[PDB]
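Here we start with a single chain on its own, the form deposited in one PDB entry, put down as structure tokens.
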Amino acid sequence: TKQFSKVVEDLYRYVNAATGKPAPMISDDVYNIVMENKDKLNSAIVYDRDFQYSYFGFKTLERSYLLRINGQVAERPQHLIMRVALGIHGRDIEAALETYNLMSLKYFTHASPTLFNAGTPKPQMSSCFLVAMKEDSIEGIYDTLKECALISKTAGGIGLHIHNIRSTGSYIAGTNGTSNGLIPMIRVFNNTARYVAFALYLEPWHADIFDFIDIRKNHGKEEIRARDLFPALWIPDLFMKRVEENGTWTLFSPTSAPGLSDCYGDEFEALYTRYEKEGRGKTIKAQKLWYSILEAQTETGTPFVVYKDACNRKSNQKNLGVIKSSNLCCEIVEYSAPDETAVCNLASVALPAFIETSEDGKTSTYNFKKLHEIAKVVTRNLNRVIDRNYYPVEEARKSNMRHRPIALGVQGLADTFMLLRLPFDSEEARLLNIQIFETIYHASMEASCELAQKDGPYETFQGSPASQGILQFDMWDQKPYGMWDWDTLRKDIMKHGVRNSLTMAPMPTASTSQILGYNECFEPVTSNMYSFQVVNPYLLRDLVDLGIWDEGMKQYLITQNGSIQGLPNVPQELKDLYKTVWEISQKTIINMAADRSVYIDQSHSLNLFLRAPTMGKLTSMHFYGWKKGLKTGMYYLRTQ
């Protein structure tokens, strides 16, 4: 239509012809805003920026993001972006226009649900939810089920923790019967998910643990499986110790050993230890469970591994109570309770947008000042999203409004390293990683402090680590790299507060990185060849600058896993620079994750890749991340 206000007209007046029901695609609110500002809004759009995408990147928007009329695309990309900008900012036209420009130029983007839903009548802009199992009763299980069903009407993922449901064989008052345990109850939630993804969180001392970790096994032992949901372990340090030292581990039903999931560290160890001596559970060899874990991971990629004590000891939300899960993708570490369902408010900064080639020659630099700036903008966007969001359930509204947690992420890390000619595993990639995550943390906390000065600190700020001057890297007992002035930031925080309980959680970017044409989040390249036929564009240009690219190359690069090691007409500096993730030591991956993590409020989704997997390599890879103090030891195990 080439006129934003007109496509807003069409989308707003849309009527479902099949039924005769008016089916508005835009909220009253955002429609009134567009009309009262139609000239400023319409002439702000730079339609030239629609060509600033790729083919497969534009096709991702076209296939799934751009609003449609009669199955016909009704929005151009600039319209979608301006819709999202207004959906976020409402009446703040100048804030909207800035977000429009920065997003359209590709400095950052917002998570899928924001892009779908910003500026529509039910604007559910948040990626995921962390649900507490409400109580160990039919009532609690079915109240929780209803809530998960309600959450799934507008979709976005669910992380659900079930440490409190009594295991198989457990006694039930007023009946001859005993509990069926977890698996049967998991099958109820699976079925609801199917009717209307799910991650399930459990502590490894739970007596149904062996069955739980095989939830995704292929060999179908009938009604003891549930493929559809993802198991995630919530691992206490004691577990890992016992495995390392080859000792024992005791399985309990939470009704015979209550409170285990309501404490952590030493208080857990003491309470767990007392329960073991009172013969309340069933003892086995720690390594028997360990073995079963790694078999499940080797075969299914699951369960995920997130360290409970690391999460809780190093969370600014520790004044709230004990955090009992993470989320679907293993980056969110936010408190939940029967009446508080934690929400993920996500957006990603495009890291390559800050590469500048300044003062002639091959020299490119990285603009940390512009990064600091854009991270400040996204932090403010994300706060606007807390408030303007549609909450599918009241538990989620209560959680978000009370603690106001935010999750800033990144995309194009690998892209950034490659454009700057840095091998992922170099000392220069290692330093740039630290600096980026430092500036993003400093900027988000600075912007959040500004917000606290304007609107007050979040309700639960007092008594929090941040209020006592304890920032994230402090909880790792480190000094910050020191590109930014932390003293002054910390001073202002203790004086004024921050608006957000939490700020950082580098997530799986997935389809929001496909649109901008960057590699997923903070990962390296899985292949120098994706899909059709597309080779790594940075690699492709280097092979064309040596004049060696042709068809006697496209074949090779295909039937060779997208790898370039072992190509004879290829300089060593190129091999170093375009290692596949299978070709990078996972020790380097974990080291670099440990570096950035001192600057991460929450966690981050650490996918791990093992070429020639053995139970010994996996065990070592796990204990390495664990001794590194990682919160998320592992998202998916990818293999072979």
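When you see a residue number, it is the position in the sequence shown, counting from 1.
There is another form of this protein, the form deposited with a small molecule bound, and it is not shown here; the text below is about that form.
- Put simply, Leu328 is close to the small molecule in the deposited bound form: some heavy atom of it is within 4.5 Å.
- Among residues of the shown chain, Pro423 is not one whose heavy atoms approach the small molecule to within 4.5 Å in the deposited bound form.
- Of the heavy atoms in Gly157, some are within 4.5 Å of the small molecule in the deposited bound form.
- Among residues of the shown chain, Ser104 is not one whose heavy atoms approach the small molecule to within 4.5 Å in the deposited bound form.
- Residues of just one listed stretch (71 to 79, 441 to 449, 298 to 306, 126 to 134) have heavy atoms within 4.5 Å of the small molecule in the deposited bound form: 126 to 134.
- The listed set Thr512, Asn381, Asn519, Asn316 contains one residue whose heavy atoms approach the small molecule in the deposited bound form to within 4.5 Å, identified as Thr512.
- For the options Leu86, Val498, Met507, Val333, the one in contact with the small molecule in the deposited bound form, meaning a heavy atom within 4.5 Å, is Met507.
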